[PDB]
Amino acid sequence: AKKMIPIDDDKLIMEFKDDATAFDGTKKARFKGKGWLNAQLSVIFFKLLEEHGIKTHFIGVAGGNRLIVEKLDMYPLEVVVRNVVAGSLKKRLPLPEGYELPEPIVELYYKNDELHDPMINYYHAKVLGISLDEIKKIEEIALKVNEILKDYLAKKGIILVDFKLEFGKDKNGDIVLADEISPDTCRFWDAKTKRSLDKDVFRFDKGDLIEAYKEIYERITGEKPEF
């Protein structure tokens, strides 16, 4: 869904594409303007998190669908935080879609195509070269990001159902929030109707993706998308 283009030893161009993919790449479509929306929303979320003292890779914008970001030594992880039961959590817990969790759940996934991103725990992570201290710091950050995003979104009639983060290490060996934060990588539900305003619209044919992503953008910024 994104192009990464080097600049020097220090930074990268992160370009968001109009392509959407689901079910291990077996479902595909293109949505004009999706790249733009995902980029803008990432910018907005990264700026919010920075103000709250979250170290992120965001440096700046490079016009349109492109962000300027700090190059990191990436952890091969996808870190999922979950507030409300949806998606794959229904295969691990005998709870219905929409069940409100008594506290957030953090799941670790091994980012590995050959193995299709299997869930892992702290012991697997250690065998992968990720110390317990590092894992603990990663989850601590993910849970803080959760709090800030859910609070900020709740005040806008949006429930943060779950979401995925990625992380890397900077030259100082600090753990820095990376990749993207968009309706591609989060579940957003309208607080009243409880309907999806995210990639689930594309996954399960729930309506128009662009319209749902625009709606998210409008309800967050108070403005209509210019493209």
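Think of the rigid core as the biggest set of C-alphas that the two forms share within 1.5 Å after superposition. Heads up: residue numbers just count along the shown sequence, starting at 1.
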{"item": "Core-aligned Cα RMS comparison in 8 other deposited structures of this protein - stretch that moves more, 48 to 56 or 22 to 30", "value": "22 to 30"}
{"item": "77 to 85 versus 109 to 117 - greater average Cα B-factor per the deposited record", "value": "109 to 117"}
{"item": "Mean Cα B-factor comparison, 176 to 184 or 155 to 163, giving the higher one as deposited", "value": "155 to 163"}
{"item": "C-alpha B-factor winner, where the candidates are 189, 45, 58, 31", "value": "31"}
{"item": "Assigned third (lowest, middle, highest) for the C-alpha B factor of residue 53", "value": "middle"}
